[PDB]
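# A structural walkthrough
Chain by chain, the residues run as shown.
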2 protein chains.
Amino acid sequence: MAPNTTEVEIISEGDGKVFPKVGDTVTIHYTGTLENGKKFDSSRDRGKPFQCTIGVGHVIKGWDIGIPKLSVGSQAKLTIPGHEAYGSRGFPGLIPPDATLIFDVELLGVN
Amino acid sequence: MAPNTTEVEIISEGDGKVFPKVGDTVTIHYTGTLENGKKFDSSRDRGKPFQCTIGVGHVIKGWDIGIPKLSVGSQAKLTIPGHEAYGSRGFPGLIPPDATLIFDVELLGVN
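Residues numbered from 1 in each chain as written, not as in the entry; some residues may be left out. Chains lettered and ligands numbered in written order. Heavy atoms only, no water.

Per the PDB record, the structure was determined using X-ray crystallography to 1.8700 Å resolution.

Per the PDB entry, the recorded name for chain A is Peptidylprolyl isomerase, and the organism is Candida auris. The record deposited in the PDB is entitled "Crystal structure of FKBP12 of Candida auris".

Shown next as structure tokens:
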């Protein structure tokens, strides 16, 4: 029983003032795991926040949905169902078909 | 200058008799690299052929295009442009946006 759509749970509150909007560059730290807790990717392990354009389909749909809910400084958990992640394709070797993904994300900057 | 669409180059010929069709299960070995030769995934490293349904969007588009050209026993190189692979999303940590992917594939079985 995956979610119907991406769930956002803010763990630690950010500044409450600066939120991403469509087309912004976000600088974020993330760790992504499967429902069984197996990690498949983490910017924290690379020692370097990830940077991407939000809201324009340059990241998985669940990120486009959830990351704009965060203010800068927020830490949140995103629970993303398969159809807003990698779907039936998954990612061979790492992510099974139709996998719900769990992302622990920290928003460090908006441009 | 990526290809306009997926290129297939058969390196070693298969049996010339058994080809995948839409909806079949293919059992394949693959190694996938970026244009710079950096490997990002390989079933050969897992010691176990990959199995998937072909022609129904359960794998990247370039595989749906190219794998049905192979007969069982064939070894081929697929050169897949970004828009038939992971597109501008890529796969964070492994595959950059708009990346052309190179797959060395061996078709071991069709069901």
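Another point: the environment of B:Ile67. All names here are of chain B. Within the secondary structure, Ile67 is located in the loop between helix 1 (61-66) and strand 5 (75-80). Judged by relative accessible area, which is 0%, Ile67 ranks as buried. Considering only alpha carbons, one finds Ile67 and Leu78, eleven residues apart in sequence, at a separation of 8.5 Å. Those residues in contact with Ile67 that lie beyond four places of it in its chain are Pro20, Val26, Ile28, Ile54 and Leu78. (Helix = DSSP H or I, 4+ residues; strand = E, 2+ residues; numbered from the N terminus. Buried < 20%, exposed > 50% of the residue type's maximum accessible area, 1.4 Å probe, protein only. Contact = heavy atoms within 4.5 Å.)

Glancing now at the side chain of A:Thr100. If you trace the backbone, A:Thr100 turns up in the loop between strand 5 (75-80) and strand 6 (101-110). Sequence-distant contacts of A:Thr100, that is, excluding residues within four places in its chain, are made with A:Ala2, A:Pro3, A:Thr33, A:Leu34, A:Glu35, A:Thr79, A:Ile80, A:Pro81 and A:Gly82.

We now examine the pattern of salt bridges. Using the criterion set out here, one finds eight salt bridges over all chains in the structure. The closest approach of N and O atoms between A:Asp24 and A:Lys21, which form a salt bridge, is 3.0 Å. (Salt bridge = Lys/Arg side-chain N within 4 Å of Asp/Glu carboxyl O.)

Turning to the nonpolar core, a few remarks are in order. Core analysis: the largest hydrophobic core is formed by 52 residues, its most contacted members being A:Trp63, A:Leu101, A:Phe103, B:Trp63, B:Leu101 and B:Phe103. Listing elements by their share of this core, those giving two or more residues are strand 2 (25-34), strand 4 (50-53), strand 5 and strand 6 of chain A together with strand 2 (25-34), strand 4 (50-53), strand 5 and strand 6 (101-110) of chain B. Here B:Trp63 is in contact with B:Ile28, B:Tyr30, B:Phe50, B:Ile54, B:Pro68, B:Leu78, B:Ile80 and B:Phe103, once residues within four sequence places are set aside. (Core = buried A, V, L, I, M, F, W, Y, C linked by side-chain atoms within 4.5 Å.)

Evaluation of the coordinates by the stated rule reveals 15 aromatic pairs over all chains. Note on B:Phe50 and B:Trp63: the rings are 6.0 Å apart at their centroids and 65° apart in plane angle, and the pair reads as edge-to-face. One end of the pair, B:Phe50, is in strand 4; the other, B:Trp63, is in helix 1, with 13 residues separating them in the sequence. The burial state of B:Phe50 is the same as that of B:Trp63; both residues are buried. Among the aromatic residues, those joined into a ring-pair cluster are A:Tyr30, A:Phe40, A:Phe50, A:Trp63 and A:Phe103. (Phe/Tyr/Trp six-rings, centres within 6.5 Å; stacked < 30°, edge-to-face > 60°.)

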